[PDB]
Structures are given as structure tokens and as C-alpha cells.
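Participant:
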Amino acid sequence: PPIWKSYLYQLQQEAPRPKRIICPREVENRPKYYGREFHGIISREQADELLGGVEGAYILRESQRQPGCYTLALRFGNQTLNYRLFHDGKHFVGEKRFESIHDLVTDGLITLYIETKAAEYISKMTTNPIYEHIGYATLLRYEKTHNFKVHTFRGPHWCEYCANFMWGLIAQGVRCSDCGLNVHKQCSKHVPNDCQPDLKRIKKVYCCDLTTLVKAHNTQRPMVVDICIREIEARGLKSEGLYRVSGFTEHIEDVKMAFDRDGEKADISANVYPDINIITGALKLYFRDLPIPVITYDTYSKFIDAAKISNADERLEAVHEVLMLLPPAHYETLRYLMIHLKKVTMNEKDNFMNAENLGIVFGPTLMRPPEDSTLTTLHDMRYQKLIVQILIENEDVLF
Ligand SMILES: [Zn+2]
Ligand SMILES: [Zn+2]
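Each residue of the sequence shown is one higher than the one before, starting from 16 at the first, in our numbering.
#1: For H106, which beta-bridge partners are listed by DSSP?
#2: Return yes when the Cβ of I294 is within less than 9 Å of the Cβ of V260, no when it is not.
#3: Using three-state DSSP, classify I375 as helix, strand or coil.
#4: Of all the alpha helix (DSSP H) runs that stay within the bounds of the region 253-281, which reach a length of 4 or more residues?
#5: Would you mind sorting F263 into buried or exposed? The rule is 16 or more other CB atoms within 10 Å of its CB.
#6: Can you list every residue whose CB sits closer than 6 Å to some heavy atom of ligand 1, going in chain order?
#7: Return the first residue and the last residue of the alpha helix (DSSP H) that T131 is part of.
#8: Is there contact between the region 368-379 and the region 341-349, where contact requires at least three CB pairs shorter than 8 Å?
#9: Rounded C-beta distance between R99 and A88? I'm assuming under 8 Å.
#10: Where does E175 land, buried or exposed, given buried means 16+ other C-beta within 10 angstroms?
#11: Three or more C-beta pairs under 8 Å: does that hold for the region 192-199 against the region 163-183?
#12: Near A297, what residues of its chain come up, given a Cβ to Cβ distance below 7 Å and the 5 sequence neighbours on each side ignored?
#13: Is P33 near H148, with beta carbons less than 9 Å apart?
#14: Report the three-state DSSP secondary structure of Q187 (helix, strand or coil).
#15: Output yes or no for whether 9 Å exceeds the beta carbon distance between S254 and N366.
#16: Say yes only if the C-beta of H166 is nearer than 8 Å to one or more non-hydrogen atoms of ligand 2, and no if none qualify.
#17: I want to check one thing, is the minimum distance from the CB of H205 to the heavy atoms of ligand 2 below 8 Å?
#18: Output the boundary residues of the alpha helix (DSSP H) element that contains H148.
#19: Assign residue 422 to one of three DSSP states: helix, strand, or coil.
#20: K164 to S192, Cα distance in whole Å?
#21: Between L155 and ligand 3, is the CB less than 8 Å from at least one heavy atom?
#22: What span of residues does the alpha helix (DSSP H) with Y301 cover, start to end?
#23: With hydrogens ignored, establish whether the beta-carbon of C84 is closer than 8 Å to any heavy atom of ligand 2.
#24: If contact is defined by three or more beta carbon pairs under 8 Å, each pair taking one atom from either stretch, is the region 110-126 in contact with the region 16-33?
#25: Enumerated in chain order, which unbroken segments of the alpha helix (DSSP H) with a length of 4 residues or greater are wholly contained in the region 211-238?
#26: Using the Cα positions of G150 and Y301, report the straight-line distance between them to the nearest angstrom.
#27: Take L401 and list the residues in its own chain whose beta-carbon comes closer than 6 Å to its own, dropping the five residues that flank it on each side.
#28: Put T142 into one of helix, strand or coil per three-state DSSP.
#29: Taking the CB atoms as reference points, tell me whether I291 and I247 lie closer together than 9 Å.
#30: 9 Å is my cut-off, CB to CB: does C174 come that close to chain B?
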């Protein structure tokens, strides 16, 4: 399993979206400022009709009794929910939310779908934590309080504590202002003081969503994946057992830790780290540390239902089909690491590594099962290695 659990993330994607601004016959009712989703004053019995079934549809209304009292009513399958609705210079239901409508319903619905399914899980996140050994709070080189602050993450982010997904559209969790940490609102309570405010000058590259890293650094492909390969190709392209042999684990850590600031885009060479299996390791590491797999989860399933054709003519075309359903960042990263990788195949006369060969060492890391249905999951691990091998083989045909 990966340090970064995917249950929540997995959920949010399943979560229902504001299935209806469900506007009125343009009645333009007078008492009302912001909205066209406002059906003025009406009865619960009449409102419900407007929504009806459509889990996710929402509407706004005023109290037939007490004036100036508006309330939001969105459907959540099981039934219909009325929430109230204020405006502190910006729309907002309960929670110290404060948004800009829809964002509300959206996030609200998310908070609903998740909390409903496995709220128990969301509670035990505190138990058996993981913050202890995650990074730089273990490596790198007394008491102090955390000046935590609510923060809206732009890009999937995970709690450096319960190492779980921070769901929500803008809710998110908190990011200490001094040490740069980022965790769940709750978890903030359970996270020990410690904190090293100069450990913020870091800016981790290893471990944040692929697409996000790329977009933020302006580069299509993770600058690590780039540099790494550069070297591996410069040096040991003909070293034996490339990517199969492991390097000093504790030396790979040193590399990663190097990409994370300390050099970031300006890391390091051939000497300093002579056993290239380190680098080959670090690179493997990088793919291992992604919160979302290069092959994604939403694709994992479909990528398997391809390595099952047996008729190599359709396999390839199948693979391509789904290879296309991949998010830009992922795709591009895969593409690249399926050359300055598959060029390794053009060398098994010196490194003993080939498609089928590498397809092993990578399958397991460039792919991951959604989980929570573990049974045939083991009867699939095979195909993973296949897929990879296949991609390395027919490299210049797919991209
Ligand atoms: Zn957490
Ligand atoms: Zn701090």
C-alpha cells in the first residue's frame, strides 16, 4: 500500500454535483438580491416538487412566516434537506464556510456524500497515525507551537498526519503559517508541537500530485523524472540489471531529499551518488511517492480489461483507447518514461533488462488498485506488469 491512502479522494469523485440551479419561470420576485435559483416564497410541498428525485438538485426560498429568512433546499437521495442560509458579505450555510453559492452546494454535497459513506473511517483517521515517519520530521539536517491556519488547497492535497485525502472544494484543512505544514482541521488538534519554521524554505517536489506539480512548475513532465533519466542515460545505460537492482535505500532518500529544495531543479550528478542504482531507485521512488499513480486509479480497471484480450492485435488498440483517457500530466510522464526506459530494452546485451523484464519492476509502481475489493486484486497484479511491458514494447506506436 501507498503512504497516501486514496479512499476519500476516490469518494469525492463519486460525489453528486449541484444537479440543478433549477431556475423559476423568471418570476423576478422583488424581495431578493442575489440569485435566479431563488423561487421567492413557497411551500415545502411545492419546493420538493420542483426538485423531485434528482439527487443533487437544489433550490432557494423565503419563509412564508418570518421575513428575511431564506433557506437552501437540496436533494440528497435519501431525502430533501433544508439548510437555512446567511450572507456575511458572502453566501454561507453552517460551518464557518463562506463561499459564493453553488461552490456551497458543491462542497456541501461533497461533505454529504463522504460523511455519509464511512464516517466511522473518517473518525479512526486519528488512530494509528503516520505523521511520525513521513519526512524531514524523520530526516533532514525542543517544543514550539503551530500557528495553524485554515487554507484552501488548489490541487489535491493530503494530510501530512493521517496521510489521508483533504476533501472539499475550499474547506480543505489547515496549513501552518510558520512551518509550512498541511493537514486536516481535526488532526491539527492531535499533531504534536515540534515544528521547525525554517523547514518551510523547502518546497517538497517528491509526494505532491503529478498534475499539480507540473502545472505549478510550468513543465508538462516532473522535473525530477527529467533530471533523473538525463543522468541514468548519461551514465549507466549499459549497467547490469538497470531498475531491477536496488541501491542503498538510505542513499536514495538522500537524493529525494535533494530534489526537495536543497537544489530542487538543481540537484546532482554521477559522483556524489556513484552507484546509479541509487538514481534509478530515486526515480522509482518518485513514482512510488505520487498521491495518484502515473496510471491513475480511474484508469487502472480499464487498463486491465485490455491486457485480457489474448489477441495481441486488439490488446494494443485497446491499450491505446484507454491510454488516451489519461490526464495530460500522467500521459506525458508515462510517454517519456517509456523510452528513456524502452531505450534500455535496446541494450539487454549489456544490462539484461527487457520489456517483460522491466514490465515487472514497474508494473507494481506505475499502477495501483483502488482497493477495498481485494480478492481478484491479486489475480490482476500479473496484468499490471504486462501492461507496462506492453507499453515499453510497442512504445513508438502509442506515443
Ligand atoms: Zn489527516
Ligand atoms: Zn509549524
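Cβ atoms here follow ideal geometry from the backbone N, Cα and C, with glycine treated the same way.
Facilitator: By the coordinates alone:
#1: Looking up residue 106 in the sequence shown gives position 91. Paired residues: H102.
#2: Numbered from 1 along the sequence shown, position 245 holds the residue referred to as residue 260. Numbered from 1 along the sequence shown, position 279 holds the residue referred to as residue 294. Not closer than 9 Å, so no.
#3: Taking the sequence shown and counting its residues from 1, one reaches residue 375 at position 360. Helix, per DSSP.
#4: 264-274
#5: The sequence position of residue 263 within the sequence shown is 248, counting from 1. So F263 ends up on the exposed side.
#6: This selection yields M140, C174, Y176, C177, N179, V198, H199 and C202.
#7: Sequence index remark: in the sequence shown, residue 131 carries index 116 (1-based). Per DSSP, the continuous alpha helix (DSSP H) segment holding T131 begins and ends at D118 to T131.
#8: no
#9: Working through the sequence shown from its first residue, we reach residue 99 at position 84. Working through the sequence shown from its first residue, we reach residue 88 at position 73. The Cβ separation is near 10 Å, so there is no contact.
#10: If you number the sequence shown from 1, residue 175 lands on position 160. That one is buried.
#11: yes
#12: As a working note, residue 297 is residue 282 in the sequence shown. Excluding sequence neighbours, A297 sits near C243, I267, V270 and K271.
#13: Numbered from its first residue, the sequence shown carries residue 33 at position 18. Numbered from its first residue, the sequence shown carries residue 148 at position 133. Not in contact: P33 and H148 (Cβ atoms no closer than 9 Å).
#14: Translated into the one-based positions of the sequence shown, residue 187 becomes position 172. If DSSP states are grouped into helix, strand and coil, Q187 belongs with coil.
#15: Working through the sequence shown from its first residue, we reach residue 254 at position 239. Working through the sequence shown from its first residue, we reach residue 366 at position 351. Cβ distance < 9 Å, so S254 and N366 count as in contact.
#16: Working through the sequence shown from its first residue, we reach residue 166 at position 151. Every heavy atom of ligand 2 is 8 Å or more from the Cβ of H166, so no.
#17: Position 190 of the sequence shown, counted from the start, is the residue given in the question as residue 205. The answer is no for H205.
#18: In the sequence shown, residue 148 corresponds to position 133, counting from 1. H148 -> no alpha helix (DSSP H), and no H or E assigned at all.
#19: Given that the chain is displayed from residue 16 to residue 414, the structure contains no residue 422 and the question cannot be resolved.
#20: Taking the sequence shown and counting its residues from 1, one reaches residue 164 at position 149. Taking the sequence shown and counting its residues from 1, one reaches residue 192 at position 177. If I take the Cα positions, the gap works out to 7 Å.
#21: In the structure on display, ligand 3 does not appear, and the ligands it does have are ligand 1 and ligand 2.
#22: On the sequence shown, residue 301 is found 286 positions in, with the first residue counted as 1. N292 to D304 is the extent of the alpha helix (DSSP H) around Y301.
#23: Here residue 84 corresponds to residue number 69 of the sequence shown, with the count starting at 1. No; taking the cut-off as 8 Å, the Cβ of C84 has no heavy atom of ligand 2 nearer than that.
#24: yes
#25: 225-232
#26: Position 135 of the sequence shown, counted from the start, is the residue given in the question as residue 150. Position 286 of the sequence shown, counted from the start, is the residue given in the question as residue 301. Those two C-alpha atoms are separated by around 14 Å.
#27: One-based indexing of the sequence shown puts residue 401 at position 386. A322.
#28: Start at 1 with the first residue of the sequence shown, and residue 142 comes out as number 127. Coil at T142, not helix or strand.
#29: What you label residue 291 is simply residue 276 of the sequence shown in a count that begins at 1. What you label residue 247 is simply residue 232 of the sequence shown in a count that begins at 1. Yes, the Cβ-Cβ distance between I291 and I247 is below 9 Å.
#30: Among the protein chains of the structure shown there is no chain B, as only one such chain exists.
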